[PDB]
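Only one chain is given next, in structure tokens, and it is the form deposited in one PDB entry.
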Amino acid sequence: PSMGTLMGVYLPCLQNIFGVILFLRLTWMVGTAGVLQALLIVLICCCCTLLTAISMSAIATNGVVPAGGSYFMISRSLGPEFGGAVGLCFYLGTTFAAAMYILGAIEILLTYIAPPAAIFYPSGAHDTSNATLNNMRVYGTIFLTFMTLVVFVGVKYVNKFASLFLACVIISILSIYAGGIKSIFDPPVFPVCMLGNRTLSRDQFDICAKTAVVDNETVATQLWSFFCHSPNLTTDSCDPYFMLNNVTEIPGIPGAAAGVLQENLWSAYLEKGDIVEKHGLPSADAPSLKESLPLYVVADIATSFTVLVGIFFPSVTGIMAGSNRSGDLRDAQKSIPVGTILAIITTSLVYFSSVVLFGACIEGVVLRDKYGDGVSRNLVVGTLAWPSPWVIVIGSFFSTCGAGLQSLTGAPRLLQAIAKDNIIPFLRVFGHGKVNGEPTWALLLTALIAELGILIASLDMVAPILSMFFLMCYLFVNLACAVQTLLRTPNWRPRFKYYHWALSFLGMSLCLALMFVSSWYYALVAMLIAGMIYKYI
């Protein structure tokens, strides 16, 4: 065993924590919640994990720290009852995170890389979502049946290229910071066309003007034809909101200033179907026709605080997958507690700095465009890249693919280790594998359980389920670290400096309050199931 702290503990944690939601759902979160409540969300979601890392350090400073994975540590240091629960919940969390990463990759591919690589098209006027759900499901089944056979053939090639996917993440982060620094002096040019407070999708028209001049003649634009249903300048079928207000271009990225960070400081939540609006523009009040409603930027899902906590939270998970190399380390009780806490601190500072950066540079209306409908169907993050937006797009695609492949390689190892331990004979048949030690049947089971995550067909709907399972895993870790101190069992002696039982109780209570925040109904169900099993034994 010859492994240091850096390439043994810190780098697997920092490859597992970073991922998809920093590139897809962060600018939306900032522009919806405000910089203040965004920092509140990041501060809350990083204190469940820090106290869980303290409890895992108390796991790590006891006994022998047995070799292989992170399962056997809990299984030998806390009894089988907590160990099976933590292993099963971490298994379910990894298998649904695979489905989340696949859906992220397909969202990036369909809306940004290849727009005409779409099978289903939005027939009719409304319902551009059901076609999108059917369009996500097909490519999800294709990529899942591809990337399970790739794992079924090429484990050694996946472990060989395990560093390139982390390299793509770090290059893509540094590009964001370089463009954000340069945006103080010379901003890029991404113009936003608006009409009063209402912003409108630039993808369907050519030029942002009410009337243009061609051939020494004032002719109505194509934008006149989309709102007035006639190319004549003296008609009265125009809705009075197009008539009483004017069309204005603003800079989408105005550069880093105090005024921009002042404007995007407070929360502007929206209901499903509302139109994204500024606050400081003249806008005369008039009613709008219904047939011009797809000529705007419409908020997709309902936004609140408890939605955004549940969407943000799996950006911070990935602690337990830094102890998979626990046998290979030289001093296992030293590299684990230092390494995981350093990784969590670095990633949390990255999120704080990125929230402040996106709030300071990019204007909030471009921030409130999920899918980037306000700027030319581009990434809102990618407009802040310095060399080109394609750096973030390509690095995000390969990072999501690498994370999905690493989840699909990791989870059957855990189910293999649970099945071979004979803790539960109901899973006994999943102890069968190849002659190399690689699993055979458990790959099929994770391929089928991750399929049900794919068929929900949205990033924003799979993410609260991941929040639920990882919060159950961390809560049982904190219960097992607190009860063993409070009940005074022998062979439980934590040789850690900063450990005390009130920190584990605060971790338990905070990760339970987050569980009731993120989605209260299934937490209310899981309370009933766990209370029923408590009434049995």
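Think of the rigid core as the biggest set of C-alphas that the two forms share within 1.5 Å after superposition. Note that residue numbering follows the sequence shown and begins at 1.
There is also a form deposited in another entry; it is not shown, and the following applies to it.
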item	value
Residue among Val307, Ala343, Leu466, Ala299 whose Cα moves 2 Å or more between the shown form and the other one, once the rigid core is superposed	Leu466
Large Cα shift (2 Å or above) at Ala258 between the shown form and the other one, core-fitted	no
Residue shift check between the shown form and the other one, rigid core fit, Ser354 Cα at least 2 Å	no
Per-residue C-alpha change between the shown form and the other one, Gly124, threshold 2 Å, rigid core fit	yes
Direction of C-alpha distance change in that other deposited form, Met194 to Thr132 (at least 3 Å)	farther
Sense of CA distance change between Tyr112 and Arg202 in that other deposited form, threshold 3 Å	farther
